[PDB]
Number of protein chains: 2
Amino acid sequence: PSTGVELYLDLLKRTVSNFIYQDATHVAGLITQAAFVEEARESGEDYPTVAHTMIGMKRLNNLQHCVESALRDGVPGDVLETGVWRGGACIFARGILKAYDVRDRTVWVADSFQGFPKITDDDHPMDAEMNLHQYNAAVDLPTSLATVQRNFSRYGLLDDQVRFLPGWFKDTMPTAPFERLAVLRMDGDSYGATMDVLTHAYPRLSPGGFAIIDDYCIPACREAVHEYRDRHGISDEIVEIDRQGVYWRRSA
Amino acid sequence: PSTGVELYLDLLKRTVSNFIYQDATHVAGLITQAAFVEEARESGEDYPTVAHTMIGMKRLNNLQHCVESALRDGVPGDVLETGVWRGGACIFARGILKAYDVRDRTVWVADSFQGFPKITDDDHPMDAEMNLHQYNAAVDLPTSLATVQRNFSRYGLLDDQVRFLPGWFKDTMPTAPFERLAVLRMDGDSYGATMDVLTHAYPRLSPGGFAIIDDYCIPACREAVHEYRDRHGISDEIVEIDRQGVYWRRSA
Ligand SMILES: CC[C@H]1OC(=O)/C=C/[C@H](C)[C@@H](O[C@@H]2O[C@H](C)C[C@H](N(C)C)[C@H]2O)[C@@H](C)C[C@@H](C)C(=O)/C=C/C=C/[C@@H]1CO[C@@H]1O[C@H](C)[C@@H](O)[C@@H](OC)[C@H]1OC
Ligand SMILES: CC[C@H]1OC(=O)/C=C/[C@H](C)[C@@H](O[C@@H]2O[C@H](C)C[C@H](N(C)C)[C@H]2O)[C@@H](C)C[C@@H](C)C(=O)/C=C/C=C/[C@@H]1CO[C@@H]1O[C@H](C)[C@@H](O)[C@@H](OC)[C@H]1OC
Ligand SMILES: Nc1ncnc2c1ncn2[C@@H]1O[C@H](CSCC[C@H](N)C(=O)O)[C@@H](O)[C@H]1O
Ligand SMILES: Nc1ncnc2c1ncn2[C@@H]1O[C@H](CSCC[C@H](N)C(=O)O)[C@@H](O)[C@H]1O
Ligand SMILES: [Mg+2]
Ligand SMILES: [Mg+2]
């Protein structure tokens, strides 16, 4: 990075993922030690105790790629992340728009702001077995709307181009008041959250727009992706980002 | 802030002072609670447990003012900080040069890298009384050269335009290899450290350059400043920054 924009976006990635102060990770899943590990934060594989995003540098770089490509190529629409936790990825998205002085696109921040949902008999069997709800406390996942707003304000990026969609995706997505998306970033882990958002938000993704599946390594997530793509006859190349995420670019 | 440069430098200030994650302060001096207090970090009056600078937002803004004015006005010379702790103010200084693609100026980082010196019989009576050495561990002040280098690297700002002057100022300043300074930032607290640097570095401060006295609220520091100014017939207006620091701009 040499230009002001390049320096800003580089620093913003380093800051939301907190390579700057390198906070400890929660101990959960495959992470058995609390110590900061560079490689884990680089590929977004730990559970930061303090950092504002857990998606890591490779998926932040991907988000930047997708937003910049949409801007460059004149792909119409907003940016939506479904599953935002402390807000770091959406903060970075808003910063990208800020850096290029884009005044006519919005970052939509969608989340229960309550962590993973309690499982009921309505849930897909794979979601029920996985029961993501059980690790809400373990990785400090429930994060209120007020806290996420607090966090945008800390980098000076809380403004009218950031809009919030509080609630469960099955409830908020069908009538969410955006008309077009240039980037749809899905990070809700489950079959349910993935299918909710593909069903109700993907049709508003512009041709040339990007669909990012953060959690593709999770079998329930991946099953929703393939079910949805099969149903709609979507054959757009699935491109791998790191050990967790993939994306495709919508051809039509 | 709206340009890439403005956004970058704004974020860099917020990051080195850690308004982003808002670390606790040490409980020392007039600070009686550990909790982050916005006003205290804004004015640089606490003792951050994690942040890379303790000078606060107002004195960061002042440093930016002085460096940008020197660049704008074509004042020749490098930037020197005497007393750098974890390096945050010097990191920010390097960032300013980076933002404007300045390739012909250096940030000089001068410190014992060991905290305040033990008092000897040679010390000024006010320094002996104050005995700053007593506070080293309490506010985690001793910070090694390796750690400071580590810290610049985290921002991507460790390069050949950052040079280090390890040692006591009375030892390092008289023969420090720089020829001219555009900004001289003094943050060594004591009569001794202030007089060391005024004596041996100030004569290399260019006309139009800036002399920043971070610690002017400390009587021993202020005593050195007026003794030095009186000796050299310096009458340049002393301008307040906040409740600790002042600066003047050199006319003669
Ligand atoms: C710590 C929280 C995570 O828990 C996990 O990562 C939980 C992984 C469990 C422990 C695994 O199960 C174990 O596999 C071993 C090979 C054998 C072991 N024996 C005893 C049976 C067995 O316990 C995995 C394989 C369980 C299966 C069902 C699975 O795929 C679980 C996924 C759960 C992911 C949980 C949510 O993590 C999310 O992962 C995404 C990839 C990230 O992007 C991020 O998404 C927002 C993250 O959210 C915190
Ligand atoms: C905890 C470490 C600091 O300890 C301090 O901050 C020391 C504060 C002493 C205790 C103060 O004295 C007290 O003032 C009260 C209002 C009343 C109280 N009664 C009993 C009289 C009285 O004790 C101050 C006013 C003493 C005078 C001599 C002074 O200015 C002290 C300077 C010593 C500063 C110590 C070093 O702090 C440095 O202060 C600079 C202003 C900062 O920019 C920063 O510089 C690098 C910082 O370094 C950690
Ligand atoms: N069905 C659902 N409806 C709404 N939010 C959901 C949901 N299932 C999971 N979530 C939310 O999905 C998020 C997954 S963590 C998301 C990580 C985030 N993108 C980052 O940058 O770090 C959590 O905040 C959780 O509250
Ligand atoms: N006589 C002396 N010679 C060299 N370094 C000294 C010194 N007296 C004090 N110091 C150093 O002065 C520093 C004061 S703290 C400086 C704070 C720093 N400018 C910031 O941005 O946060 C300490 O790092 C200490 O090691
Ligand atoms: Mg994920
Ligand atoms: Mg000071």
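Residues numbered from 1 in each chain as written, not as in the entry; some residues may be left out. Chains lettered and ligands numbered in written order. Heavy atoms only, no water.

Q: Tell me about helix α3 (residues 56-73) of chain A, and name the residues and values.
A: Residue and element names in this part refer to chain A. The terminal C-alpha atoms of α3, which comprises 18 residues, lie 26 Å apart, in line with the 26 Å expected from a rise of 1.5 Å per residue. Those residues of α3 that fall on the buried side of the exposure criterion are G56, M57, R59, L60, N62, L63, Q64, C66, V67, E68, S69 and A70. One or two steps after α3, the chain reaches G74, where phi turns positive at roughly 70 degrees. (Helix = DSSP H or I, 4+ residues; strand = E, 2+ residues; numbered from the N terminus. Expected span 1.5 Å × (residues − 1). Buried < 20%, exposed > 50% of the residue type's maximum accessible area, 1.4 Å probe, protein only.)

Q: Run through the packing of helix α1 (residues 4-16) of chain B against helix α3 (residues 56-73) of chain B, naming residues and quoting values.
A: Residues and elements named next belong to chain B. Two elements in contact, α1 and α3, have axes whose closest approach is 10 Å; the angle formed by their N-to-C orientations is 140 degrees. Classed by the angle they form, the pair α1 and α3 counts as oblique. Crossing geometry of α1 relative to α3 is assigned as right-handed. Taken together, the residues of α3 that come into contact with α1 (itself represented by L9, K13, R14 and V16) are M57, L60, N61, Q64 and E68. (Axes fitted to C-alpha atoms, helices over the stretch in contact; angles between N-to-C directions. Parallel < 35°, antiparallel > 145°, perpendicular 65-115°, else oblique. Left-handed = near helix turned anticlockwise from the far one by under 90°. Contact = heavy atoms within 4.5 Å.)

Q: Tell me about the packing of aromatic side chains, residues and numbers included.
A: Enumeration according to the criterion identifies 12 aromatic pairs over all chains in this entry. Each ring, one from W108 of chain B and one from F178 of chain B, has its centre 5.8 Å from the other, and the planes form 55 degrees; the classification is tilted. Here the residue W108 of chain B occupies a position in strand β2 (residues 107-111), and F178 of chain B occupies one in the loop between α7 (169-172) and β4 (181-186), the gap between them amounting to 70 residues. On the numbers, 6.0 Å between centres and 70 degrees between planes, the contact of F152 of chain B with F164 of chain B is edge-to-face. In this pair, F152 of chain B sits in helix α6 (residues 145-154) while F164 of chain B sits in strand β3 (residues 162-166), placing the two residues 12 residues apart along the sequence. Comparing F152 of chain B with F164 of chain B, the two get one shared label, buried. By way of ring pairs, the aromatic residues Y202, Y228 and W248 of chain A are connected into one cluster. The positively charged end of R229 of chain A is found above the aromatic ring belonging to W248 of chain A, 4.8 Å away from the centroid. In this structure, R222 of chain B is placed above the aromatic ring of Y216 of chain B, and the distance from its NZ or CZ to the ring centre is 5.9 Å. (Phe/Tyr/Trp six-rings, centres within 6.5 Å; stacked < 30°, edge-to-face > 60°. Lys NZ or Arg CZ within 6 Å of the ring centre and 35° of its normal.)

Q: Lay out the coordination of the magnesium ion (ligand 6) in plain terms, naming residues and giving numbers.
A: All names here are of chain B. Bound to the magnesium ion (ligand 6) on the protein side are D187 (OD), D214 (OD) and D215 (OD), at distances that span 1.9 to 2.1 Å. Counting the intervening residues between successive donors of the magnesium ion (ligand 6) yields the motif D-x26-D-D. Here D214 matches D215 in class, with each residue buried. (Donors = N, O, S within 2.8 Å, 3.2 Å for Na, K, Ca; no water.)

Q: Before we move on, could you go through the sheet that holds β4 of chain B and cite the residues and values that matter?
A: All names here are of chain B. Strand order in the open sheet formed by 7 strands is β3-β2-β1-β4-β5-β7-β6, and the pairing between neighbours is mixed. Looking at strand neighbours, the two that pair on one side only are β3 and β6 (239-240), the edges of this open sheet. For β4 and strand β5 (residues 205-213), the ladder comprises 5 bridges, and the chain directions are parallel. For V183, the partnering residue across the bridge sits in β5 and is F210. Relative to the sheet, helix α4 (residues 88-99) contacts β1 (78-82), β2 and β3, its axis offset from that of β2 by approximately 175 degrees. (Pairing = 2+ DSSP bridges.)

Q: So, the pattern of salt bridges: which residues are in play, and what are the values?
A: Residue and element names in this part refer to chain B. What the rule picks out here adds up to 30 salt bridges over all chains. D242 is paired through a salt bridge with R59; the nearest N and O atoms lie 2.8 Å apart. Of this pair, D242 sits in the loop between β6 and β7 (246-249) while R59 is found in helix α3, placing the two residues 183 residues apart along the sequence. By relative accessible area, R59 is classed as buried at 1%. The salt bridge partner of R103 is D101, with a shortest N-O separation of 3.0 Å. (Salt bridge = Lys/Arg side-chain N within 4 Å of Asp/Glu carboxyl O.)

Q: Summarise the coordination of the magnesium ion (ligand 5); cite the residues concerned and give the values.
A: All names here are of chain A. Only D187 (OD), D214 (OD) and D215 (OD) from the protein reach the magnesium ion (ligand 5) as donors, at distances of 1.9 to 2.1 Å. Sequence positions of the donors to the magnesium ion (ligand 5) reduce to the motif D-x26-D-D. Assessed through its relative accessible area of 2%, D214 is described here as buried.

Q: Explain the UniProt feature "binding site: Mg(2+)" in chain A to me, using residue names and the numbers behind them.
A: Residue and element names in this part refer to chain A. UniProt's entry tags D187, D214 and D215 with the feature "binding site: Mg(2+)", counted in the numbering of this structure. A compact arrangement is adopted by the annotated residues: their sequence extent is 29 residues, whereas the largest C-alpha distance between any two is 6.1 Å. Not counting chain neighbours up to four residues away, the residues in contact with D214 comprise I55, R59, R185, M186, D187, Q244 and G245. In terms of polar contacts, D214 uses its side chain to reach the side chain of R59, at 2.9 Å. Checked against the element boundaries, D215 lands in the loop between β5 (205-213) and α9 (219-232). A distance of 3.3 Å separates a polar side-chain atom of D215 from the backbone nitrogen of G188. (UniProt positions renumbered as here; feature names shortened; annotations may be inferred. Polar contact = N/O pair within 3.5 Å; in protein donor to acceptor, adjacent residues only side chain to side chain.)

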